[PDB]
>>> print(open('coords_13.cif').read())   # mmCIF, C-alpha atoms
data_input
#
loop_
_atom_site.label_atom_id
_atom_site.label_comp_id
_atom_site.auth_asym_id
_atom_site.auth_seq_id
_atom_site.Cartn_x
_atom_site.Cartn_y
_atom_site.Cartn_z
CA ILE A 1178 55.01 -2.37 -6.18
CA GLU A 1179 52.71 -2.10 -3.18
CA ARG A 1180 50.11 -2.42 -5.92
CA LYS A 1181 51.55 -5.77 -6.95
CA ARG A 1182 52.25 -6.91 -3.40
CA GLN A 1183 48.58 -6.38 -2.51
CA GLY A 1184 47.33 -8.50 -5.42
CA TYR A 1185 49.79 -11.30 -4.67
CA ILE A 1186 48.55 -11.13 -1.06
CA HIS A 1187 44.94 -11.24 -2.33
CA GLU A 1188 45.71 -14.24 -4.54
CA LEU A 1189 47.15 -16.05 -1.50
CA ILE A 1190 44.05 -15.45 0.57
CA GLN A 1191 41.64 -16.24 -2.24
CA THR A 1192 43.31 -19.53 -3.11
CA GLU A 1193 43.39 -20.41 0.62
CA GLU A 1194 39.65 -19.74 0.91
CA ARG A 1195 39.10 -21.97 -2.13
CA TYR A 1196 41.54 -24.64 -0.90
CA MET A 1197 39.59 -24.81 2.38
CA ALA A 1198 36.24 -25.15 0.57
CA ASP A 1199 37.79 -28.01 -1.42
CA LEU A 1200 38.84 -29.71 1.82
CA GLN A 1201 35.32 -29.44 3.34
CA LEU A 1202 33.55 -30.29 0.11
CA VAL A 1203 35.41 -33.63 0.17
CA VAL A 1204 34.15 -34.55 3.63
CA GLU A 1205 30.68 -33.49 2.45
CA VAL A 1206 30.34 -34.96 -1.02
CA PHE A 1207 32.70 -37.94 -0.55
CA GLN A 1208 33.88 -39.08 2.88
CA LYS A 1209 30.59 -39.15 4.83
CA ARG A 1210 28.81 -40.94 1.99
CA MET A 1211 31.57 -43.50 1.29
CA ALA A 1212 31.55 -44.29 5.02
CA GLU A 1213 27.79 -45.04 4.97
CA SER A 1214 27.89 -46.62 1.49
CA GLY A 1215 28.92 -50.05 2.73
CA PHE A 1216 31.48 -50.48 -0.04
CA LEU A 1217 34.39 -49.70 2.26
CA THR A 1218 35.54 -51.06 5.61
CA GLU A 1219 36.83 -48.63 8.28
CA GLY A 1220 40.39 -49.61 7.43
CA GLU A 1221 39.86 -49.02 3.73
CA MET A 1222 38.49 -45.57 4.59
CA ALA A 1223 41.65 -44.87 6.62
CA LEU A 1224 43.85 -45.92 3.72
CA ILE A 1225 42.11 -43.45 1.45
CA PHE A 1226 41.53 -40.35 3.59
CA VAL A 1227 44.36 -40.87 6.14
CA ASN A 1228 44.37 -37.70 8.25
CA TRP A 1229 42.23 -35.46 5.99
CA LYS A 1230 40.57 -33.99 9.07
CA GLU A 1231 43.89 -32.81 10.53
CA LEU A 1232 44.61 -30.96 7.29
CA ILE A 1233 41.36 -29.10 7.72
CA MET A 1234 42.31 -28.20 11.29
CA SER A 1235 45.86 -27.04 10.50
CA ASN A 1236 44.51 -24.75 7.78
CA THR A 1237 41.42 -23.62 9.66
CA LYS A 1238 43.83 -21.77 11.93
CA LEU A 1239 45.64 -20.27 8.95
CA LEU A 1240 42.50 -19.00 7.19
CA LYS A 1241 41.21 -17.27 10.33
CA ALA A 1242 44.66 -15.87 10.94
CA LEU A 1243 44.29 -14.33 7.46
CA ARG A 1244 40.68 -13.11 7.56
CA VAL A 1245 41.28 -11.45 10.93
CA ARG A 1246 44.33 -9.60 9.59
CA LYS A 1247 42.10 -8.40 6.75
CA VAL A 1256 47.24 -5.24 4.56
CA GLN A 1257 50.89 -4.31 5.13
CA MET A 1258 52.02 -7.22 7.32
CA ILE A 1259 51.69 -10.94 6.67
CA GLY A 1260 55.04 -12.73 6.70
CA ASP A 1261 54.61 -13.32 10.42
CA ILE A 1262 51.24 -15.05 10.16
CA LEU A 1263 52.76 -17.33 7.47
CA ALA A 1264 56.08 -18.07 9.17
CA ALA A 1265 54.14 -19.12 12.25
CA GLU A 1266 51.38 -21.15 10.66
CA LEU A 1267 53.65 -22.82 8.12
CA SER A 1268 55.68 -24.32 10.92
CA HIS A 1269 52.78 -26.19 12.45
CA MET A 1270 52.06 -28.27 9.34
CA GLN A 1271 53.24 -31.69 10.57
CA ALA A 1272 49.81 -33.17 9.63
CA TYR A 1273 50.82 -32.80 5.99
CA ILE A 1274 53.96 -34.88 6.33
CA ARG A 1275 51.84 -37.79 7.56
CA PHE A 1276 49.16 -37.29 4.89
CA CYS A 1277 51.58 -36.93 2.02
CA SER A 1278 53.73 -39.90 3.00
CA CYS A 1279 50.68 -42.27 3.11
CA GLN A 1280 48.44 -40.89 0.38
CA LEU A 1281 49.73 -42.95 -2.58
CA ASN A 1282 48.82 -46.29 -0.86
CA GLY A 1283 45.30 -44.91 -0.54
CA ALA A 1284 45.43 -44.01 -4.18
CA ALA A 1285 46.48 -47.50 -5.24
CA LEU A 1286 43.73 -49.04 -3.07
CA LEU A 1287 41.00 -46.79 -4.45
CA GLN A 1288 42.27 -47.82 -7.85
CA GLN A 1289 42.24 -51.58 -7.14
CA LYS A 1290 38.88 -51.31 -5.41
CA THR A 1291 37.62 -49.44 -8.51
CA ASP A 1292 39.09 -51.81 -11.12
CA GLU A 1293 37.38 -54.77 -9.51
CA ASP A 1294 33.92 -53.40 -8.69
CA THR A 1295 31.68 -51.81 -11.35
CA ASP A 1296 29.11 -50.90 -8.68
CA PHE A 1297 31.69 -49.18 -6.55
CA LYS A 1298 32.95 -47.27 -9.57
CA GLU A 1299 29.57 -45.97 -10.69
CA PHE A 1300 28.92 -45.03 -7.06
CA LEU A 1301 32.02 -42.82 -6.78
CA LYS A 1302 31.14 -41.07 -9.97
CA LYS A 1303 27.63 -40.49 -8.66
CA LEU A 1304 29.04 -38.61 -5.63
CA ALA A 1305 31.15 -36.53 -8.00
CA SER A 1306 27.96 -35.52 -9.78
CA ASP A 1307 27.31 -33.11 -6.92
CA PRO A 1308 27.27 -29.55 -8.34
CA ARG A 1309 30.09 -28.54 -6.00
CA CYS A 1310 32.71 -30.89 -7.53
CA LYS A 1311 32.02 -29.66 -11.06
CA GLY A 1312 32.45 -33.26 -12.27
CA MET A 1313 35.88 -33.58 -10.65
CA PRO A 1314 36.44 -37.09 -9.18
CA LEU A 1315 37.61 -37.81 -5.60
CA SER A 1316 41.07 -38.74 -6.79
CA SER A 1317 41.47 -35.13 -7.98
CA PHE A 1318 40.61 -33.69 -4.60
CA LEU A 1319 43.02 -35.99 -2.81
CA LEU A 1320 45.94 -34.57 -4.88
CA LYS A 1321 45.37 -31.05 -3.64
CA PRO A 1322 47.00 -31.10 -0.22
CA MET A 1323 50.43 -31.89 -1.71
CA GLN A 1324 49.88 -29.43 -4.51
CA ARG A 1325 48.97 -26.65 -2.08
CA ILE A 1326 52.22 -27.22 -0.18
CA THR A 1327 54.23 -26.91 -3.40
CA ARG A 1328 52.36 -23.67 -4.06
CA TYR A 1329 53.06 -21.72 -0.86
CA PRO A 1330 56.72 -20.99 -1.68
CA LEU A 1331 55.63 -19.65 -5.09
CA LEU A 1332 52.92 -17.44 -3.66
CA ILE A 1333 55.26 -16.06 -0.97
CA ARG A 1334 58.06 -15.54 -3.48
CA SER A 1335 55.82 -13.24 -5.52
CA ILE A 1336 54.77 -11.18 -2.49
CA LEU A 1337 58.39 -10.92 -1.36
CA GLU A 1338 59.61 -9.65 -4.74
CA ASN A 1339 57.27 -6.78 -4.02
CA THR A 1340 58.27 -6.22 -0.39
CA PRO A 1341 61.57 -4.24 -0.42
CA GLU A 1342 64.27 -4.46 2.21
CA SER A 1343 62.83 -1.33 3.87
CA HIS A 1344 59.29 -2.76 4.20
CA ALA A 1345 58.12 -3.65 7.70
CA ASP A 1346 57.32 -7.14 6.41
CA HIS A 1347 60.46 -8.04 4.49
CA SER A 1348 62.15 -9.83 7.36
CA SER A 1349 59.11 -12.01 8.11
CA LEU A 1350 58.49 -13.15 4.55
CA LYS A 1351 62.10 -14.25 4.06
CA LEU A 1352 61.48 -16.40 7.13
CA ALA A 1353 58.03 -17.66 6.07
CA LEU A 1354 59.53 -18.64 2.71
CA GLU A 1355 62.39 -20.58 4.31
CA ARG A 1356 59.74 -22.55 6.21
CA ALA A 1357 57.37 -23.04 3.29
CA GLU A 1358 60.37 -24.42 1.43
CA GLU A 1359 61.53 -26.61 4.33
CA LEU A 1360 57.99 -27.98 4.46
CA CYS A 1361 58.18 -28.99 0.79
CA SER A 1362 61.36 -30.88 1.59
CA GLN A 1363 59.76 -32.65 4.57
CA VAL A 1364 56.51 -33.49 2.73
CA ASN A 1365 58.62 -34.86 -0.04
CA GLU A 1366 61.01 -36.93 2.09
CA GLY A 1367 58.23 -39.52 2.54
#
>>> encode(input="coords_13.cif", output="structure tokens")
Amino acid sequence: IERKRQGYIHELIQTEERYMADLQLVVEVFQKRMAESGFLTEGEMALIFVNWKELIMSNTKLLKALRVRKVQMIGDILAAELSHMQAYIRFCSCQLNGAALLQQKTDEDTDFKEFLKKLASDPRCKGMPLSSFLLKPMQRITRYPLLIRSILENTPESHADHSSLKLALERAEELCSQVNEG
């Protein structure tokens, strides 16, 4: 069991590492260049990326809180961090308007379209378009409860961390509700 637990804990930290690279990669490959491109006004940029940057911040804290702890005790890190995720409620509730706009903007302008696909050609995206990176925040949120559930199945009542995980899972779940209410 503590064998399992450790791998489920490793899969949480690995995916978090990767999720954070995906967040930064977007600012790199996409946001900076679309800003300069001239295709988009400031407002159109806001419609698309909303508060991307806040997402990076809220999870920057979480990743360091996980590298520094790197493991018999984790629920506490998660219960704490997962309750300071308000940035996601705002992002998730406004994202689909951005998505419609990027679509319209794309339907109507061949130049704009080829331009977005050029950015995606960057070796870091692996051909994945911007629209695929903008889905990830909401997806990540729906993943936390699953990842914590696994770890918890392998953290028995008697484990020093049991209590904390039950808590961190209530909050990960509550956060899915909240992100979904908008």
>>> closest_residue(input="coords_13.cif", among="A:1227, A:1243, A:1331, A:1206", to="residue 1275 in chain A", atoms="all atoms listed in the file")
A:1227
>>> resolve_selection(input="coords_13.cif", expression="the PyMOL selection byres ((chain A and resi 1271) around 12)", output="list in words")
residues 1228, 1231, 1232, 1234, 1235, 1236, 1266, 1267, 1268, 1269, 1270, 1272, 1273, 1274, 1275, 1276, 1277, 1278, 1326, 1359, 1360, 1361, 1363 and 1364 of chain A
>>> resolve_selection(input="coords_13.cif", expression="the PyMOL selection byres ((chain A and resi 1186-1189) around 12)", output="short mmCIF file (atom, residue, chain, number, x, y, z; two decimals) with C-alpha atoms, in the frame of the given file")
data_model
loop_
_atom_site.label_atom_id
_atom_site.label_comp_id
_atom_site.auth_asym_id
_atom_site.auth_seq_id
_atom_site.Cartn_x
_atom_site.Cartn_y
_atom_site.Cartn_z
CA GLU A 1179 52.71 -2.10 -3.18
CA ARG A 1180 50.11 -2.42 -5.92
CA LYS A 1181 51.55 -5.77 -6.95
CA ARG A 1182 52.25 -6.91 -3.40
CA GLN A 1183 48.58 -6.38 -2.51
CA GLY A 1184 47.33 -8.50 -5.42
CA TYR A 1185 49.79 -11.30 -4.67
CA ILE A 1190 44.05 -15.45 0.57
CA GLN A 1191 41.64 -16.24 -2.24
CA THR A 1192 43.31 -19.53 -3.11
CA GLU A 1193 43.39 -20.41 0.62
CA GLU A 1194 39.65 -19.74 0.91
CA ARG A 1195 39.10 -21.97 -2.13
CA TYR A 1196 41.54 -24.64 -0.90
CA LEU A 1239 45.64 -20.27 8.95
CA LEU A 1240 42.50 -19.00 7.19
CA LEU A 1243 44.29 -14.33 7.46
CA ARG A 1244 40.68 -13.11 7.56
CA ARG A 1246 44.33 -9.60 9.59
CA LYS A 1247 42.10 -8.40 6.75
CA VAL A 1256 47.24 -5.24 4.56
CA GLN A 1257 50.89 -4.31 5.13
CA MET A 1258 52.02 -7.22 7.32
CA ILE A 1259 51.69 -10.94 6.67
CA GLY A 1260 55.04 -12.73 6.70
CA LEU A 1263 52.76 -17.33 7.47
CA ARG A 1325 48.97 -26.65 -2.08
CA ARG A 1328 52.36 -23.67 -4.06
CA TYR A 1329 53.06 -21.72 -0.86
CA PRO A 1330 56.72 -20.99 -1.68
CA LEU A 1331 55.63 -19.65 -5.09
CA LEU A 1332 52.92 -17.44 -3.66
CA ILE A 1333 55.26 -16.06 -0.97
CA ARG A 1334 58.06 -15.54 -3.48
CA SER A 1335 55.82 -13.24 -5.52
CA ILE A 1336 54.77 -11.18 -2.49
CA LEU A 1337 58.39 -10.92 -1.36
CA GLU A 1338 59.61 -9.65 -4.74
CA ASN A 1339 57.27 -6.78 -4.02
CA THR A 1340 58.27 -6.22 -0.39
CA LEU A 1350 58.49 -13.15 4.55
#
>>> closest_residue(input="coords_13.cif", among="A:1245, A:1279, A:1222, A:1313", to="residue 1209 in chain A", atoms="all atoms listed in the file")
A:1222
>>> closest_residue(input="coords_13.cif", among="A:1225, A:1341, A:1308, A:1288", to="residue 1208 in chain A", atoms="only C-alpha atoms")
A:1225
>>> axis_aligned_box(input="coords_13.cif", around="range 1316-1323 of chain A", padding_each_side="8 Å", output="JSON")
{"center_x": 45.5, "center_y": -34.9, "center_z": -4.1, "size_x": 25.8, "size_y": 23.7, "size_z": 23.8}
>>> atom_distance(input="coords_13.cif", atom1="CA of residue 1198 in chain A", atom2="CA of residue 1289 in chain A")
28.2 Å
>>> closest_residue(input="coords_13.cif", among="A:1306, A:1316, A:1348, A:1295", to="residue 1281 in chain A", atoms="only C-alpha atoms")
A:1316
>>> closest_residue(input="coords_13.cif", among="A:1349, A:1343, A:1317, A:1237", to="residue 1261 in chain A", atoms="only C-alpha atoms")
A:1349
>>> resolve_selection(input="coords_13.cif", expression="the PyMOL selection byres ((chain A and resi 1302-1305) around 10)", output="list in words")
residues 1203, 1205, 1206, 1207, 1208, 1210, 1211, 1297, 1298, 1299, 1300, 1301, 1306, 1307, 1308, 1309, 1310, 1311, 1312, 1313, 1314 and 1315 of chain A
>>> closest_residue(input="coords_13.cif", among="A:1321, A:1238, A:1356, A:1290", to="residue 1264 in chain A", atoms="only C-alpha atoms")
A:1356
>>> atom_distance(input="coords_13.cif", atom1="CA of residue 1204 in chain A", atom2="CA of residue 1230 in chain A")
8.4 Å
>>> atom_distance(input="coords_13.cif", atom1="CA of residue 1265 in chain A", atom2="CA of residue 1366 in chain A")
21.6 Å
>>> build_atoms(input="coords_13.cif", residues="range 1213-1229 of chain A", atoms="N, CA, C and O atoms", output="PDB file, in the frame of the given file")
ATOM      1  N   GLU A1213      29.110 -44.409   4.912  1.00  0.00           N
ATOM      2  CA  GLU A1213      27.790 -45.040   4.970  1.00  0.00           C
ATOM      3  C   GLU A1213      27.574 -46.064   3.845  1.00  0.00           C
ATOM      4  O   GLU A1213      26.859 -47.051   4.032  1.00  0.00           O
ATOM      5  N   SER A1214      28.185 -45.827   2.684  1.00  0.00           N
ATOM      6  CA  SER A1214      27.890 -46.620   1.490  1.00  0.00           C
ATOM      7  C   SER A1214      27.864 -48.128   1.727  1.00  0.00           C
ATOM      8  O   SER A1214      26.978 -48.827   1.239  1.00  0.00           O
ATOM      9  N   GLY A1215      28.838 -48.630   2.471  1.00  0.00           N
ATOM     10  CA  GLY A1215      28.920 -50.050   2.730  1.00  0.00           C
ATOM     11  C   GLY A1215      29.931 -50.703   1.820  1.00  0.00           C
ATOM     12  O   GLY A1215      30.218 -51.887   1.964  1.00  0.00           O
ATOM     13  N   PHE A1216      30.481 -49.937   0.881  1.00  0.00           N
ATOM     14  CA  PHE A1216      31.480 -50.480  -0.040  1.00  0.00           C
ATOM     15  C   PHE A1216      32.821 -50.660   0.672  1.00  0.00           C
ATOM     16  O   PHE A1216      33.601 -51.567   0.346  1.00  0.00           O
ATOM     17  N   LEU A1217      33.067 -49.815   1.670  1.00  0.00           N
ATOM     18  CA  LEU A1217      34.390 -49.700   2.260  1.00  0.00           C
ATOM     19  C   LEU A1217      34.396 -50.050   3.740  1.00  0.00           C
ATOM     20  O   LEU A1217      33.495 -49.654   4.477  1.00  0.00           O
ATOM     21  N   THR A1218      35.415 -50.779   4.189  1.00  0.00           N
ATOM     22  CA  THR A1218      35.540 -51.060   5.610  1.00  0.00           C
ATOM     23  C   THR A1218      36.178 -49.830   6.262  1.00  0.00           C
ATOM     24  O   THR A1218      36.600 -48.924   5.560  1.00  0.00           O
ATOM     25  N   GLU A1219      36.239 -49.783   7.588  1.00  0.00           N
ATOM     26  CA  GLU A1219      36.830 -48.630   8.280  1.00  0.00           C
ATOM     27  C   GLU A1219      38.273 -48.460   7.875  1.00  0.00           C
ATOM     28  O   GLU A1219      38.731 -47.328   7.655  1.00  0.00           O
ATOM     29  N   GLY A1220      38.987 -49.584   7.801  1.00  0.00           N
ATOM     30  CA  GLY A1220      40.390 -49.610   7.430  1.00  0.00           C
ATOM     31  C   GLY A1220      40.608 -49.100   6.022  1.00  0.00           C
ATOM     32  O   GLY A1220      41.531 -48.334   5.775  1.00  0.00           O
ATOM     33  N   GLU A1221      39.749 -49.503   5.093  1.00  0.00           N
ATOM     34  CA  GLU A1221      39.860 -49.020   3.730  1.00  0.00           C
ATOM     35  C   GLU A1221      39.637 -47.507   3.665  1.00  0.00           C
ATOM     36  O   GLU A1221      40.303 -46.802   2.908  1.00  0.00           O
ATOM     37  N   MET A1222      38.696 -47.015   4.462  1.00  0.00           N
ATOM     38  CA  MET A1222      38.490 -45.570   4.590  1.00  0.00           C
ATOM     39  C   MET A1222      39.744 -44.865   5.106  1.00  0.00           C
ATOM     40  O   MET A1222      40.087 -43.788   4.634  1.00  0.00           O
ATOM     41  N   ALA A1223      40.438 -45.471   6.066  1.00  0.00           N
ATOM     42  CA  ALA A1223      41.650 -44.870   6.620  1.00  0.00           C
ATOM     43  C   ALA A1223      42.756 -44.805   5.592  1.00  0.00           C
ATOM     44  O   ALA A1223      43.541 -43.855   5.570  1.00  0.00           O
ATOM     45  N   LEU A1224      42.815 -45.825   4.746  1.00  0.00           N
ATOM     46  CA  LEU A1224      43.850 -45.920   3.720  1.00  0.00           C
ATOM     47  C   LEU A1224      43.686 -44.786   2.723  1.00  0.00           C
ATOM     48  O   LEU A1224      44.664 -44.193   2.267  1.00  0.00           O
ATOM     49  N   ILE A1225      42.430 -44.475   2.421  1.00  0.00           N
ATOM     50  CA  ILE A1225      42.110 -43.450   1.450  1.00  0.00           C
ATOM     51  C   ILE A1225      42.301 -42.044   2.027  1.00  0.00           C
ATOM     52  O   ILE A1225      43.150 -41.284   1.551  1.00  0.00           O
ATOM     53  N   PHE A1226      41.541 -41.710   3.068  1.00  0.00           N
ATOM     54  CA  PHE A1226      41.530 -40.350   3.590  1.00  0.00           C
ATOM     55  C   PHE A1226      42.629 -40.025   4.611  1.00  0.00           C
ATOM     56  O   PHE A1226      42.844 -38.861   4.919  1.00  0.00           O
ATOM     57  N   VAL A1227      43.344 -41.045   5.095  1.00  0.00           N
ATOM     58  CA  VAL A1227      44.360 -40.870   6.140  1.00  0.00           C
ATOM     59  C   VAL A1227      43.896 -39.800   7.119  1.00  0.00           C
ATOM     60  O   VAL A1227      42.813 -39.919   7.687  1.00  0.00           O
ATOM     61  N   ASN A1228      44.690 -38.741   7.283  1.00  0.00           N
ATOM     62  CA  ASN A1228      44.370 -37.700   8.250  1.00  0.00           C
ATOM     63  C   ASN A1228      43.754 -36.425   7.647  1.00  0.00           C
ATOM     64  O   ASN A1228      44.025 -35.317   8.117  1.00  0.00           O
ATOM     65  N   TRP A1229      42.885 -36.593   6.653  1.00  0.00           N
ATOM     66  CA  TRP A1229      42.230 -35.460   5.990  1.00  0.00           C
ATOM     67  C   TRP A1229      41.803 -34.400   7.000  1.00  0.00           C
ATOM     68  O   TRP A1229      42.052 -33.198   6.824  1.00  0.00           O
TER      69      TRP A1229
END
